[PDB]
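What's counted below: heavy atoms across the whole structure, side chains too, no hydrogens, waters or symmetry copies. One-based numbering along the sequence shown.
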Amino acid sequence: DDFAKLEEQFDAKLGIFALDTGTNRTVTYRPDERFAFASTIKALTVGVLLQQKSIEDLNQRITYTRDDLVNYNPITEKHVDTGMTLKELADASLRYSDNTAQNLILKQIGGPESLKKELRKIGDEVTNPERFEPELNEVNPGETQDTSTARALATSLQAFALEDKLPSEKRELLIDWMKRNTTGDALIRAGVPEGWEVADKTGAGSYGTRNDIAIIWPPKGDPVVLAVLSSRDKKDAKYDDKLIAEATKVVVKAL
């Protein structure tokens, strides 16, 4: 079918789960196969952070040093000498995919184990967070550490952004940051028709892993929850964003 043809054109494996929350119609393809979640986990991490912290708590200033910095710190590496509030760290993790911001947030909620417990509480029995950034991207075939599935990632995102795991105000908070993400212009955003609103979180890992999860709103209709995951067989393989955009067109077309 259309998705298998894409796996052939891009020589990659596709993980897809899409749910029209207004009709319960879905689009799936290897919906339950595991993939390294990479940075998409940052969205669920802030979801759990919003569960534990009040809006007032987010103003708490977090200080750190040049050594706390990891490999990809676009925003945090510019505020070492002044620190950043939790709200600012959440903005940089979600919108710029800042790795240090995610680590500081993760530390705030109790580490990867606490994140797992909380996801287990909301019904997510698949996602398996174990490490910090950027080590969590080091996932080899057959391993479940730091992996999840399209269905589980989409469902958990749905839980925090559309359900009731968070009160409306915090919901809107999460959605607005994601709506203003800066890293997914060539992914899900490039596969939906004009007029469609997208709130997404991207990811990239070893084995050419390239993912994007989002909540997309048609100009007319209820929101669609979508997770498009992918990986390749070479550990050092390069990914092509076009695969995600195309897969998204197929999903929009089918729905």
Side-chain angles (χ1 to χ4, degrees), residues 35-120 127-140 143-148 153 156 160 170 173-174 176-178 180-184 200-213 231 235-239:
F35 291 81
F37 45 62
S39 290
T40 59
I41 211 303
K42 288 174 185 154
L44 300 190
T45 299
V46 164
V48 169
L49 176 74
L50 290 182
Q51 261 190 170
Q52 312 182 344
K53 300 283 188 285
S54 59
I55 271 60
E56 153 63 53
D57 286 345
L58 302 182
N59 297 322
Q60 175 188 180
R61 174 162 304 278
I62 305 296
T63 61
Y64 50 93
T65 70
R66 285 294 193 185
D67 282 72
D68 294 60
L69 272 39
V70 281
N71 67 316
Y72 187 69
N73 336 289
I75 303 300
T76 53
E77 76 190 342
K78 307 289 169 42
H79 307 284
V80 175
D81 298 314
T82 74
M84 289 176 67
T85 65
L86 282 179
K87 186 185 178 193
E88 288 168 358
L89 287 174
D91 184 291
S93 180
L94 292 172
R95 305 201 310 107
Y96 287 95
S97 210
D98 191 297
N99 278 342
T100 293
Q102 161 64 9
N103 288 340
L104 291 173
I105 296 293
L106 221 192
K107 179 174 299 196
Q108 287 296 144
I109 57 163
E113 181 61 29
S114 291
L115 174 60
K116 189 189 304 183
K117 282 183 54 288
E118 283 280 85
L119 293 175
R120 287 294 183 285
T127 306
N128 187 204
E130 279 182 28
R131 296 165 293 176
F132 283 88
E133 291 278 21
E135 349 296 316
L136 66 81
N137 294 305
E138 297 168 30
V139 185
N140 298 303
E143 295 183 343
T144 63
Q145 65 184 297
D146 302 299
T147 65
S148 189
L153 289 180
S156 288
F160 290 115
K170 292 180 169 184
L173 228 189
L174 177 58
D176 290 325
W177 277 318
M178 294 184 68
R180 305 187 297 111
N181 173 37
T182 75
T183 69
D200 85 295
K201 181 64 200 81
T202 65
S206 66
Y207 286 84
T209 294
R210 189 48 166 161
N211 317 317
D212 199 20
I213 56 144
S231 58
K235 181 176 177 180
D236 62 355
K238 301 283 182 61
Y239 60 74

Nearest-0.5 Å distance, [atom1] of residue [X] to [atom2] of residue [Y]:
X      : Y      : atom1 : atom2 : value
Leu94  : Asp176 : CG    : CG    : 11.5 Å
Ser148 : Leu119 : OG    : CG    : 8.5 Å
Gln102 : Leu89  : CD    : CG    : 10.5 Å
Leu49  : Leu115 : CG    : CG    : 10.5 Å

Which residues pass the salt bridge (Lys or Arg N to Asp or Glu O under 4.0 Å) test with [X], not counting sequence neighbours?
X      : answer
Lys170 : none
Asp200 : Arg189
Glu130 : none

May I ask you to test the [X]-[Y] pair for a side-chain heavy-atom distance under 4.5 Å?
X      : Y      : answer
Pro112 : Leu106 : yes
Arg131 : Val139 : yes
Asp146 : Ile41  : no
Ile55  : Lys87  : no
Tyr239 : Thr209 : no
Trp177 : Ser93  : no
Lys201 : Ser39  : yes

Only counting residues at least two apart or in another chain, list the ones meeting side chain to side chain contact (heavy atoms under 4.5 Å, CB included) with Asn71.
->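 For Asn71, the residues satisfying side chain to side chain contact (heavy atoms under 4.5 Å, CB included) (neighbours in sequence not counted) are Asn99, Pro134.
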Mind checking side-chain hydrogen bond (donor to acceptor under 3.5 Å, both in side chains) for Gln52 and listing every partner two or more places apart, or none if nothing turns up?
->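 If we apply the side-chain hydrogen bond (donor to acceptor under 3.5 Å, both in side chains) test to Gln52, skipping adjacent residues, there are no hits.
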Determine which pairs satisfy salt bridge (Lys or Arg N to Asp or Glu O under 4.0 Å) with at least one residue from residues 41-70, sequence neighbours left out, and list them in order.
->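 Every pair satisfying salt bridge (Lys or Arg N to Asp or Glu O under 4.0 Å) with a residue in residues 41-70: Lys42-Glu133.
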Got a donor-acceptor contact below 3.5 angstrom from the [X] side chain to the [Y] backbone?
X      : Y      : result
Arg210 : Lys238 : no
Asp98  : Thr76  : yes
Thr100 : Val70  : yes

If you measure only the distance, is there a donor-acceptor pair under 3.5 Å linking the side chains of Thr183 and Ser97?
->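 No, no side-chain donor-acceptor pair sits under 3.5 Å.
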Side chain to side chain contact (heavy atoms under 4.5 Å, CB included) assessment of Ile75 paired with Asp91 | CA-CA 10 Å; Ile75 303 300; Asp91 184 291; over 6 Å; no
At their closest point, which heavy atom of [X] faces which heavy atom of [Y], and how far apart are they?
X      : Y      : result
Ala38  : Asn211 : CB-ND2, 4.2 Å
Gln51  : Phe160 : OE1-CE2, 3.4 Å
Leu104 : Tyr64  : CD1-CD2, 3.7 Å
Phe37  : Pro129 : CZ-CA, 3.8 Å
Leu86  : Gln108 : CD2-CG, 3.5 Å
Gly203 : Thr40  : N-CG2, 4.1 Å

More than 12 heavy atoms from other groups under 6.0 Å of NZ on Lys116 =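 Yes, the 6.0 Å shell around NZ holds more than 12 heavy atoms from other groups.
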Worked verdict on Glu88 versus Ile62 for side chain to side chain contact (heavy atoms under 4.5 Å, CB included) = CA-CA 10 Å; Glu88 288 168 358; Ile62 305 296; over 6 Å; no
